[PDB]
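**Q** So that we are looking at the same thing, I have put the structure below in structure tokens.
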Amino acid sequence: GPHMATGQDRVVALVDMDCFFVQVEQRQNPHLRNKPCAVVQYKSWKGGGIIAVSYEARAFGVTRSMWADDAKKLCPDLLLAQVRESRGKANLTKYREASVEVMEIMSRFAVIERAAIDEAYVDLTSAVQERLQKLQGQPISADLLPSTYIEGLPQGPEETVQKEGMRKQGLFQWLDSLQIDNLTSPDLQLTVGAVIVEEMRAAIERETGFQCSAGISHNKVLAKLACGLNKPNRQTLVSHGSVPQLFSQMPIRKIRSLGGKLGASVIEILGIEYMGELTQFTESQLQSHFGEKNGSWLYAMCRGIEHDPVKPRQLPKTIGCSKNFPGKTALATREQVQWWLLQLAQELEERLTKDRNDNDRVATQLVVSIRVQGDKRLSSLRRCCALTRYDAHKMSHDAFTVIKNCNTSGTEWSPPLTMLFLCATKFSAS
DNA sequence: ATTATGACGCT
DNA sequence: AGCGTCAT
Ligand SMILES: Nc1ncnc2c1ncn2[C@H]1C[C@H](O)[C@@H](COP(=O)(O)NP(=O)(O)OP(=O)(O)O)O1
Ligand SMILES: [Mg+2]
Ligand SMILES: [Mg+2]
């Protein structure tokens, strides 16, 4: 009753750039715009690996982690842009710089947490407060929300047959039910959050050309879930009240962090399918199956409640370079291993020097990760050393020193290496 | 031969 | 410190 928290204390958004690498290439090459298009890295093996897909191409069944030669089977007129290759490896600088463009625009509106190169959470609570003070009493026009969907609406009682008519009918029902006079209203606060996110997305598109989708809700998990409900180039508001119906048919694997082994164990141990079915277990039961942390998180989350804060962090925490050496390309000699460590270290030094100049910080730890042929784990081995100088030869030599005992016997390297990974971590101000 | 990255938890 | 998990 009057003491049960409802998780309605914040307004949180998740902004996702639509098929981001594709949009970057389409801005650069207008011939790719409004066409079935994909971004591919490498070329020789099966036409290269597709890593990003325009929505026009997705309509043909093209997906990420598909060989370009196969995608061309589904979509013969598919257009391709290739990731830049530098020092024998993919070089993602263009997309990192485009991401900075977008994140810097977002940070004018509110505090952002950079979740991925194409994804940021937005803590809007303060901004909504301020905007509500700017409009105390003024109702919110549907015109301020021209790309917003209200999840769960319309509901109940002929233009209902087109998606935009559905969208506007749901929005109308929502706005007609609002109570503009109450400044503490969670639904009103979400609505103003959505107004601000429309403004943010307009500014991103005006100033970069890039479109995005967004979710607006009371916490990061719901905002992330909401963002995916209406894509591309749209945004979705998930209210607290929408959660019981939304979760009642929502596969557990769709909630962030439950798409892997933990979600699978939840399904198998509890014998359920949908997020809402979790409400019928006590907090102690969930803790007994999944641990104290996971159980408390599940108990609250299936009720729409989550407390993970939007961390104020615009910049990545790590700067890493890695390359897989699959199949017959696996590294089998000492010279090979050392040459590729050098290539990785040279890209790393370039990026680290640029980072130190841009962001007034220096990395202090170098993490060296490798995978050995036959091992299915992402990393077979991780070892750290001190990162004391932004010097590619020193960094590559140090990484070799740290990994070289993994070699059984040689000039020869066995077992062959299928992955090398250098990561600069543990930044401090400079 | 479903990349090249990121973020983060457990012990 | 080193390994495991989750994500596109
Ligand atoms: N596994 C991977 N390999 C390469 N690039 C990747 C990647 N995962 C993400 N990216 C980068 C490169 C891609 O630009 C993007 C793909 O990740 P989403 O954000 O999950 N999906 P998208 O942006 O394509 O569209 P939308 O979310 O609107 O549906 O992020
Ligand atoms: Mg995206
Ligand atoms: Mg994304």
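Ligands are numbered from 1 in the order shown, chains are lettered A, B, ... in the order of the structure tokens, and residues start at 1 in each chain.
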Give the residues of chain A that lie within 7 Å of chain B; count only C-alpha atoms (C1' of nucleotides), and format the answer as a list in words.
**A**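 Therefore, the residues near the partner are residues 65, 116, 322, 326 and 327 of chain A.
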**Q** Neighbouring residues of ligand 2 are defined here as those with any atom at most 8 Å from a ligand atom, counting only C-alpha atoms (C1' of nucleotides) and all ligand atoms; list them as a compact mmCIF listing (two decimals) with N, CA, C and O atoms (P, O5', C5', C4', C3', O3' and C1' of nucleotides), in the first residue's frame.
**A**
# COMPACT_ATOMS: atom_id res chain seq x y z
N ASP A 16 19.52 4.93 -29.02
CA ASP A 16 20.24 3.98 -29.87
C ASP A 16 20.32 4.56 -31.27
O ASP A 16 19.28 4.82 -31.88
N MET A 17 21.53 4.72 -31.81
CA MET A 17 21.65 5.14 -33.20
C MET A 17 21.18 4.00 -34.09
O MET A 17 21.59 2.86 -33.91
N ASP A 18 20.29 4.29 -35.04
CA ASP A 18 19.84 3.22 -35.93
C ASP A 18 20.96 2.78 -36.86
O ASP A 18 21.60 3.62 -37.49
N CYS A 19 21.20 1.46 -36.93
CA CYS A 19 22.23 0.84 -37.77
C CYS A 19 23.42 1.77 -37.99
O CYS A 19 23.67 2.22 -39.12
N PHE A 20 24.16 2.04 -36.92
CA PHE A 20 24.98 3.25 -36.85
C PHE A 20 26.07 3.27 -37.91
O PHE A 20 26.25 4.28 -38.61
N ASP A 118 27.26 3.15 -30.04
CA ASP A 118 26.03 3.61 -30.65
C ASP A 118 24.90 3.76 -29.63
O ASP A 118 23.73 3.83 -30.03
N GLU A 119 25.21 3.81 -28.34
CA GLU A 119 24.14 3.70 -27.36
C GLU A 119 24.49 4.50 -26.11
O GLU A 119 25.58 4.32 -25.56
N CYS A 212 18.03 8.25 -34.75
CA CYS A 212 18.10 7.28 -33.68
C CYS A 212 16.70 6.94 -33.21
O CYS A 212 15.72 7.62 -33.53
N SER A 213 16.63 5.86 -32.44
CA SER A 213 15.43 5.47 -31.72
C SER A 213 15.69 5.70 -30.24
O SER A 213 16.84 5.83 -29.81
P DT C 8 22.09 -6.37 -27.51
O5' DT C 8 23.20 -5.87 -28.57
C5' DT C 8 23.38 -4.47 -28.83
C4' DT C 8 24.25 -4.24 -30.06
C3' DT C 8 23.73 -4.83 -31.37
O3' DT C 8 23.78 -3.86 -32.40
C1' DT C 8 25.96 -5.52 -31.00
**Q** Which polymer residues have any atom within 8 Å of an atom of residue 347 in chain A, counting only C-alpha atoms (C1' of nucleotides), with same-chain residues fewer than 4 positions away left out, as a PyMOL selection string?
**A** chain A and resi 87+321+343+351
**Q** Select, as a list in words, those residues of chain C with any atom no more than 8 Å from chain A (distances computed using only C-alpha atoms (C1' of nucleotides)).
**A**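 In the required form, that comes to residues 2, 5 and 6 of chain C.
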**Q** Using CA of residue 208 in chain A and CA of residue 349 in chain A as the two end points, give the distance in Å to one decimal.
**A** 28.3 Å
**Q** Among the residues of range 254-355 of chain A, find those DSSP assigns to strand (DSSP E) from the backbone and print them as a ChimeraX atom specification.
**A** /A:319-324,331-333
**Q** With N, CA and C atoms retained, export the selected residues as a PDB file, in the first residue's frame.
**A**
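Result written to result39.pdb:
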ATOM      1  N   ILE A 319      40.612   1.409 -23.800  1.00  0.00           N
ATOM      2  CA  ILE A 319      40.918   1.598 -25.215  1.00  0.00           C
ATOM      3  C   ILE A 319      41.644   0.345 -25.684  1.00  0.00           C
ATOM      4  N   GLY A 320      41.006  -0.432 -26.551  1.00  0.00           N
ATOM      5  CA  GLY A 320      41.514  -1.745 -26.904  1.00  0.00           C
ATOM      6  C   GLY A 320      41.560  -1.971 -28.397  1.00  0.00           C
ATOM      7  N   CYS A 321      42.452  -2.874 -28.795  1.00  0.00           N
ATOM      8  CA  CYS A 321      42.648  -3.288 -30.182  1.00  0.00           C
ATOM      9  C   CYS A 321      42.776  -4.802 -30.192  1.00  0.00           C
ATOM     10  N   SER A 322      42.042  -5.482 -31.066  1.00  0.00           N
ATOM     11  CA  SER A 322      42.156  -6.928 -31.084  1.00  0.00           C
ATOM     12  C   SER A 322      41.927  -7.446 -32.491  1.00  0.00           C
ATOM     13  N   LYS A 323      42.473  -8.628 -32.737  1.00  0.00           N
ATOM     14  CA  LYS A 323      42.282  -9.284 -34.020  1.00  0.00           C
ATOM     15  C   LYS A 323      42.213 -10.785 -33.809  1.00  0.00           C
ATOM     16  N   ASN A 324      41.202 -11.398 -34.422  1.00  0.00           N
ATOM     17  CA  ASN A 324      41.094 -12.843 -34.500  1.00  0.00           C
ATOM     18  C   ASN A 324      41.895 -13.370 -35.683  1.00  0.00           C
ATOM     19  N   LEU A 331      48.178 -17.984 -35.788  1.00  0.00           N
ATOM     20  CA  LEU A 331      49.596 -17.645 -35.738  1.00  0.00           C
ATOM     21  C   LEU A 331      50.404 -18.816 -35.185  1.00  0.00           C
ATOM     22  N   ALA A 332      51.428 -19.229 -35.930  1.00  0.00           N
ATOM     23  CA  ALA A 332      52.165 -20.443 -35.613  1.00  0.00           C
ATOM     24  C   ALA A 332      53.665 -20.232 -35.469  1.00  0.00           C
ATOM     25  N   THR A 333      54.171 -19.029 -35.717  1.00  0.00           N
ATOM     26  CA  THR A 333      55.586 -18.738 -35.547  1.00  0.00           C
ATOM     27  C   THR A 333      55.778 -17.570 -34.586  1.00  0.00           C
TER      28      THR A 333
END
**Q** For residue 3 in chain C, which residue among A:8, A:369, A:339, A:74 is the nearest when counting only C-alpha atoms (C1' of nucleotides)?
**A**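 Ranking A:8, A:369, A:339, A:74 by distance to residue 3 in chain C, first place goes to A:369.
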**Q** Extract the full set of helix (DSSP H, G or I) residues from range 328-416 of chain A according to DSSP on the backbone, and format it as a VMD selection string.
**A** chain A and resid 328 to 329 334 to 359 392 to 406
**Q** When distances are computed from only C-alpha atoms, which of A:363, A:301, A:80, A:399 shows the smallest separation from residue 275 in chain A?
**A**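 Answer, going by the shortest atom-to-atom distance: A:301.
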**Q** Can you pull out the residues contacting range 36-46 of chain A? Cut-off 7 Å, using only C-alpha atoms (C1' of nucleotides), and skip same-chain residues under 3 positions away; I want them as a PyMOL selection string.
**A** chain A and resi 21-22+32+49-54+56-57+67-69+78-83+90
**Q** Output C-alpha atoms for every residue in the selection just made, as a short mmCIF file (atom, residue, chain, number, x, y, z; two decimals), in the first residue's frame.
**A**
data_model
loop_
_atom_site.label_atom_id
_atom_site.label_comp_id
_atom_site.auth_asym_id
_atom_site.auth_seq_id
_atom_site.Cartn_x
_atom_site.Cartn_y
_atom_site.Cartn_z
CA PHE A 21 27.94 2.18 -39.00
CA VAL A 22 25.62 2.09 -42.02
CA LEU A 32 24.09 4.53 -50.34
CA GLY A 49 31.58 -10.29 -42.47
CA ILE A 50 28.53 -8.03 -42.27
CA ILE A 51 28.45 -6.02 -39.04
CA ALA A 52 25.64 -3.48 -39.66
CA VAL A 53 22.52 -3.56 -41.84
CA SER A 54 20.19 -0.84 -43.08
CA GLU A 56 15.83 -1.66 -46.13
CA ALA A 57 18.32 -4.54 -46.26
CA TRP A 67 28.80 -13.46 -44.78
CA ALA A 68 28.41 -10.86 -47.51
CA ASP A 69 28.28 -13.57 -50.18
CA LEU A 78 22.65 -5.11 -51.61
CA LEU A 79 25.17 -2.25 -51.44
CA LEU A 80 28.26 -2.64 -49.27
CA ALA A 81 30.61 -0.26 -47.50
CA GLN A 82 33.87 -1.65 -46.14
CA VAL A 83 35.44 -0.85 -42.79
CA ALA A 90 39.88 -3.34 -39.16
#
**Q** Could you work out how far CA of residue 211 in chain A lies from CA of residue 231 in chain A, giving the answer in Å with one decimal?
**A**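 Separation between CA of residue 231 in chain A and CA of residue 211 in chain A: 10.4 Å.
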**Q** Do you have the CA of residue 370 in chain A-CA of residue 402 in chain A distance handy?
**A** 10.9 Å
**Q** Restricting the calculation to only C-alpha atoms and all ligand atoms, which member of A:149, A:210, A:274, A:109 is positioned closest to ligand 1?
**A**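 Closest to ligand 1 of all the choices is A:210.
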**Q** Just the residues within 12 Å of range 127-130 of chain A, please, counting only C-alpha atoms (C1' of nucleotides), with nothing from its chain fewer than 5 positions along; format it as a VMD selection string.
**A** chain A and resid 9 to 13 107 to 111 122 135 to 136 182 to 197 200 216
